[PDB]
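Coordinates in review
So the chains spell out like this:
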Amino acid sequence: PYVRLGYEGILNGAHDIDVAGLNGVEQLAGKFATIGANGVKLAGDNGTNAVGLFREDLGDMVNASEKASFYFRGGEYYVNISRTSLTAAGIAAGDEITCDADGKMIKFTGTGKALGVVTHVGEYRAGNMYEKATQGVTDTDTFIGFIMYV
Amino acid sequence: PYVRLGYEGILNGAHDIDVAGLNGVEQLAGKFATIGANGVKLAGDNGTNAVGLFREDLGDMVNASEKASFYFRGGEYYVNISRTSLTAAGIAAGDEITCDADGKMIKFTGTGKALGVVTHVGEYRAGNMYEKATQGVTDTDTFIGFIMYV
Amino acid sequence: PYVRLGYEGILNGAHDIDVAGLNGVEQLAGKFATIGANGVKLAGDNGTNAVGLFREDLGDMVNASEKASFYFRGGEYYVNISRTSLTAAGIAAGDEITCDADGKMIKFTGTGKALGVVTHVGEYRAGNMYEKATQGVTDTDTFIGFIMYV
Amino acid sequence: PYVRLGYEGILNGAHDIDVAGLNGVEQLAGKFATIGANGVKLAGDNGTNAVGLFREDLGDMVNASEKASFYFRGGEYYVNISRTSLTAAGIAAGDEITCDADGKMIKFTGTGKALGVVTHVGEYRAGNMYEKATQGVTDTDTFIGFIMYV
Amino acid sequence: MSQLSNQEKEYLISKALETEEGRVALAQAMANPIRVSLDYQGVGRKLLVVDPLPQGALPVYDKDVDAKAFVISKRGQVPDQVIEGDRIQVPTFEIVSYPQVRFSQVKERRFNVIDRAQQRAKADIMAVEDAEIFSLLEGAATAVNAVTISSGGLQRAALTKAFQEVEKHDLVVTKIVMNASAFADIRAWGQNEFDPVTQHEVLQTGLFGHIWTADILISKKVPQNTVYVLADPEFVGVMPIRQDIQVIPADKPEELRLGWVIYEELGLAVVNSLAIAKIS
Amino acid sequence: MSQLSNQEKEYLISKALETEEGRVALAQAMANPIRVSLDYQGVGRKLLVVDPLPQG
Amino acid sequence: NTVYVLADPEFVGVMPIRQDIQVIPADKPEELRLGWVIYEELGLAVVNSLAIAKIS
Amino acid sequence: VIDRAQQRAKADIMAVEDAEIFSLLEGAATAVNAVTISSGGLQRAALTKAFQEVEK
């Protein structure tokens, strides 16, 4: 639907908070994560994509990448939530975005189906034997597009 | 306008269309005449020397024969159907004209009872077929200015 | 149908369609010949010899087999009724022609092995049978005539 | 052909079992779709109806309009049985297309109560008549994916 | 960047032959440096491919006139296209790092070379692609194939098949994997299968060079000569541009580097190119 | 510039004109340039040929 | 030995001809490409020619 | 040019086909040498036959 149990009329991201009601840890009503209100840059996208590498703004304020390259820094791999715009079916005017830790649902594109981390070539990927490792909470379902999370 | 009723000369004898076609069709194809105003046809196609065969110039639009009149050549068999009596018909009218086709009533000139040709001037007339029109072993009747239904 | 007025290679004398339709005791839906114009006492004598396959073009003209790209002239089981006249002197296929979907005999083999087409000559000369429109029939005739039926 | 009977067709879907031929009689077995004039290029570019009229250029492959756009077809018309629930437009080459002779429902697209043509692209389009022709009496829906009788 | 919030000062290390850094890539899936380039102004390109040819002449005539038919070729249309690749970089990061600026340039050249290569080989004639190679090569011929044949013998054979077309072909264009497995196969009578010698070879079959492209896929060999078979007409030539005034460069201190070209793609070959697939 | 689809009005007509757009020609597939040629006029040629001979 | 064994007499050489002005172009605008030759073949000593048929 | 050569030299003799050369020429057979052997092998074997004629 438009709001709850999905989100619709969006081109960056799709359906989320299909558990119904909030459950995120350290969440109030969240705060803008931005790439469709224009982030600071997005890293990768080897085809049509709008999943990149994303970055903390030094707190719980989250946005798309603001730091170059792909090196160690703290934090957990969130389930990615994308709320509907208050425009017709365009992007921007999106709703304060609560970051669920283990909600429903995003696509999976690493090694495993409950595991996957985020990398600088876009999408989610499995790890490297040099840096990082794979362990996420990618959920059910699969769909590779500029629309994604179904 | 599209009325069912035959008409593209002087109404007398048969010309009747009540159910369209003798192929099995129900035929309405409208299209423009690319002959503008200036005729005696501005008052409708009637009396002697009028049109009633038309031929597409290899488009989907109509005019009189571009075809040589002393050697036979492959036409496109259209006649212009009734457009209300005593009101413009066929060529010479600068609006959309309704044609039909498929065993329709045609227009003749000259008396001879039967045995008529096509003269590639946009009408059929009295003549001796040997390379020219015939709908059978002989062609249907030829009388001066009247519409005979095939 | 007259068989054995042909010449060496796969060919049959001219076919008059009196069998399975005969115009002179009925009149149907005329349409133009875009082959033929040669022949006396009703042309049609070099429009077709023994009745190929007749296929409607743009508007209402039918014509014989020709082409091998951009709308195959010929094909379907819709055949041109040649009526009773004179054999190889009164073949109708150069005049305005009435067709039906029924008729014998239908010749469809040119000189030498392959499903024939019609050139500028009414008689048949040799195409292909797998790079030319096929109607479900393959010629199994050997050199020197012998009947073909579509 | 030369007829249209609508208002939800003579029967639902892109198949007609109460009709059977109209010009000639049905084709047995289908044929491969190849764009162009049955090139060695099988996908992309222009041609192939996604349930439309077909011509054949080779005697085992079927193809569609390349030459003539906004003017109706020349030679050869072939409806399709099956391929149920495909709206006509785009390309649809590299499929096996099952072909029967005209007398079955196909799929149209364009405006209602207008007469339509064939694009080289593989789509249909429609509008008021200034260069559109052919097809019988208008009865077309504005809703696209309509079951058109040819 | 001199931040410590993610990045370390163990990735920004000074270069001058002391506290040396890597930064090295591997080059595969190429076809462009062999290929010829000429200039041309134009908004589209027209190419011809040969269809199956119906006959209007068949040897069953010696007293029976002609027959209607077409010699057909079909045309494909390619509109002017743009191929380009981008790198978005932090100026501070580039300067501190020292080989990072050099490498970002070479990296953008590698990405432009790949994006060319993908469109040019893949799919059949398209208006959203530079499609050629796949369409132009002729299939695998089964007569060539035999039970218990050599991998090397097949590659020798393939090359003769190409001569029949009347074309230029003077080199073999293989997949990296296929070629290496093909090379490794030694007869049980102890002869190398490519060339019958007991020495190192640089890889030669038919006394012809090997060009290794990784777009060609496994079990595939395609003999051809790039120069005859394709041609790149050029609307505009390569020029690198950098814009820091763009939307994204503004947001935080950054420069955007764009590396581009504008091309059309011409195929001087209607079916000239041939390929065979390995069954060894 | 950029198309988004395989569908084009552009396809129907020439967008560029060159005498080369692709082509083939073969020299070796004909036995007639291989042999020697001379003219003759006449509707036919008359030869006398030898029949079977057992030999010995 | 093709040169001694056979010889090619030419009544007419091969030539293409092109006609835009015949019956079918008149009826509907069409162009015809004409291609023809009139040939004869001479055999100077054809019982030197050997034919073999491949097995494999 | 292919169809003229094809009829005169080879084809078979039918009601629309000729065959001059093929009929006249003398027999020779690879099969005597071996029945089933390589395509290369046939071409090499074939050369020898011509010698016999005094063509060399």
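Residues numbered from 1 in each chain as written, not as in the entry; some residues may be left out. Chains lettered and ligands numbered in written order. Part of a larger assembly, values for the part shown. Heavy atoms only, no water. Residues with missing side-chain atoms left out of burial classes, pairs and counts.

This deposited entry lists cryo-EM as its structure determination method and 6.1 Å as its resolution.

1. Observations concerning the overall build of chain G
The line we're drawing: Helix numbers and strand numbers start at the N terminus; a helix is a DSSP run of H or I with at least 4 residues, a strand a run of E with at least 2. This radius of gyration counts C-alpha atoms alone. The globule rule is 2.2 Å times how many residues there are, raised to the power 0.38. Exposed residues in this analysis have more than 50% of their type's maximum accessible area, buried residues have under 20%, and partly exposed residues fall in between, with area computed by a 1.4 Å probe over protein chains only. Contact definition: two residues touch when any of their heavy atoms are within 4.5 Å. Under the convention used here, a 1.4 Å probe and the Shrake-Rupley method define accessible areas, while residue burial counts only the protein chains that appear. Neither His nor the chain ends is counted toward charge; the positive residues are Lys and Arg and the negative residues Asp and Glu. Taken as the charge location is NZ of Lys, CZ of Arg, CG of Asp or CD of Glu.
Helices and strands together make up the secondary structure of chain G, namely two helices and four strands. Its helices and strands taken in sequence order, chain G reads α-β-α-β-β-β from the N to the C terminus. On C-alpha atoms alone, chain G measures out to a radius of gyration of 20 Å, which is more than a quarter above the 10 Å that the 2.2 N^0.38 rule sets for 56 residues. Counting only C-alpha atoms, chain G reaches 55 × 35 × 15 Å along its principal axes. In chain G, buried positions account for 36% of the 56 residues. Counted over contacts in chain G with a minimum sequence separation of 6, partners at least 24 positions apart contribute 56%. Accessible surface computed for chain G: about 3100 Å², of which carbon and sulfur atoms make up 60%. Separation of charge centres in chain G, based on 4 positive and 8 negative side chains, amounts to 10 Å.

2. Thoughts on a nonpolar patch on the surface
We apply this condition: Two joining distances apply to patches: 9 Å for like charges and 5 Å for nonpolar side chains (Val, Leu, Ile, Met, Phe, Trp, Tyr), and every residue must have over 30% relative accessible area and no salt bridge. The salt bridge definition used is simple: a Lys or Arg side-chain nitrogen within 4 Å of an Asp or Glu carboxyl oxygen.
On the surface, a cluster of nonpolar side chains totalling about 540 Å² of accessible area is made up of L47, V49, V50 and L53 of chain F, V47 of chain G together with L24 of chain H. Residue placement: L53 of chain F occurs in the segment after β1 (37-39). The exposure class assigned to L53 of chain F is exposed, which follows from its relative accessible area of 61%.

3. Notes on the interface of chain B and chain C
When the parts of a complex come together, some accessible area is lost, and that lost area is often taken as the interface size. Rules: Ten residues, namely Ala, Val, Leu, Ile, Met, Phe, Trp, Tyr, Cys and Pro, are considered nonpolar, four, namely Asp, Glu, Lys and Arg, are considered charged, and the remaining ones, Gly among them, are considered polar.
Counting residues at the interface gives 31 residues for chain B and 29 residues for chain C. Here the residues of the side of chain B that touches chain C sort into 14 nonpolar, nine polar and eight charged.

4. Concerning unusual backbone geometry
With an omega of 0°, the peptide bond between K104 of chain A and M105 of chain A qualifies as cis. One can find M105 of chain A in the loop between β2 (62-64) and β3 (117-118). Even without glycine at this site, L207 of chain E takes up a positive phi of about 60°. With respect to the helices and strands, the residue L207 of chain E is situated in the loop between α5 (176-184) and β6 (209-212). Since its relative accessible area comes to 71%, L207 of chain E is described here as exposed.

5. A few points about the environment of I13 of chain H
All names here are of chain H. Tracing the backbone shows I13 in the loop between α1 (2-9) and α2 (21-24). Separated by 15 residues in sequence, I13 and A28 place their C-alpha atoms 21 Å apart. Aside from chain neighbours lying at most four places away, what touches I13 is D18, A19 and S23.

6. Describing the interface of chain F and chain D
Heads up, the condition is: Buried area is a sum: the accessible area each of two parts loses on coming together, probed at 1.4 Å, counted once for each and added. Whenever two N or O atoms come within 3.5 Å, that pair is a polar contact, provided that in protein one can donate a hydrogen and the other can accept it, and provided that, for residues adjacent in sequence, both atoms are side-chain atoms.
Taken together, the six residues of chain F in the interface contact 11 residues of chain D. Taking both sides of the interface into account, the surface hidden between chain F and chain D amounts to around 860 Å²; carbon and sulfur atoms contribute 48%. On the chain F side of the contact with chain D, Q7, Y11 and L12 of chain F bury the most area, a combined 64% of that side's loss. Remark: the boundary between chain F and chain D carries zero salt bridges. In this assembly, chain F and chain D are joined by two residue pairs in polar contact. Taken together, the residues that form the side of chain F that touches chain D break down as two nonpolar, two polar and two charged.

7. Re helix α4 (residues 151-163) of chain E
All names here are of chain E. How we decide: Working definition: the arc comes from the directions between the helix axis and the C-beta atoms, pointing outward to the latter.
When α4 is considered as a whole, its buried residues turn out to be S151, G152, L154, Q155, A158, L159 and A162. The arc that holds every buried residue of α4, seen down its axis, measures 155°, which confines them to one face. Considering only its buried residues, α4 is in contact with β5 (171-174), α5, β7 (220-224) and β10 (276-277).

8. Description of the pairing of strand β3 (residues 73-79) of chain E
Residue and element names in this part refer to chain E. Here is the rule we go by: Between any two strands, pairing holds if DSSP finds at least two bridges.
With six of its seven residues buried, β3 lies for the most part within the structure. Taken together, the seven bridges between strand β2 (residues 44-50) and β3 define a ladder with antiparallel strand orientation. Bridged to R45 within β3 is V78.

9. Re the sheet that holds strand β5 (residues 96-100) of chain B
Residue and element names in this part refer to chain B. As summarised here, the arrangement of the three strands in space is β1-β5-β4, forming an open sheet in which the pairing is antiparallel. The open sheet has two edge strands, β1 (29-32) and β4 (79-80), and neither has a second partner. Relative to β5, β4 runs antiparallel, the two sharing two bridges. Among the inter-strand pairings, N80 is bridged to a residue of β5, identified as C99.

10. Structural notes on the environment of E53 of chain H
Relative to the elements of secondary structure, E53 of chain H occurs in the segment after α3 (39-47). Look at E53 of chain H and you get partly exposed, because its relative accessible area is 24%. When residues no more than four places from it in sequence are discounted, the contact partners of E53 of chain H are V47, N48 and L50 of chain G together with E26 of chain H.

11. Quick look at the pattern of salt bridges
Under the defined criterion, the tally for this structure stands at 42 salt bridges over all chains. The partner of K31 of chain A in a salt bridge is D60 of chain A, with the nearest N and O atoms 3.7 Å apart. Of this pair, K31 of chain A sits in the segment before β1 (54-56) while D60 of chain A sits in the loop between β1 and β2, and the two are 29 residues apart along the sequence. Exposure remark for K31 of chain A: the relative accessible area of 15% places this residue in the buried category. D60 of chain A sits in the partly exposed class, given a relative accessible area of 27%. Among the ionic pairs, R125 of chain C bridges to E123 of chain C, the shortest N-O distance being 3.3 Å. A residue is classified by how much of its surface remains accessible, and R125 of chain C, at 8% relative accessible area, is buried. What you see here is one network of salt bridges that share partners, running through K31, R55, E56 and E76 of chain C.

12. As for the sheet that holds strand β4 (residues 96-97) of chain D
Residues and elements named next belong to chain D. Pairing within the open sheet is mixed, and its four strands lie in the order β2-β3-β1-β4. Where the open sheet ends on each side, the last strands, each with one partner, are β2 (55-56) and β4. Bridging between strand β1 (residues 31-33) and strand β3 (residues 61-63) involves two bridges; their strand directions are parallel. Bridging from a neighbouring strand, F32 pairs with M61 of β3.

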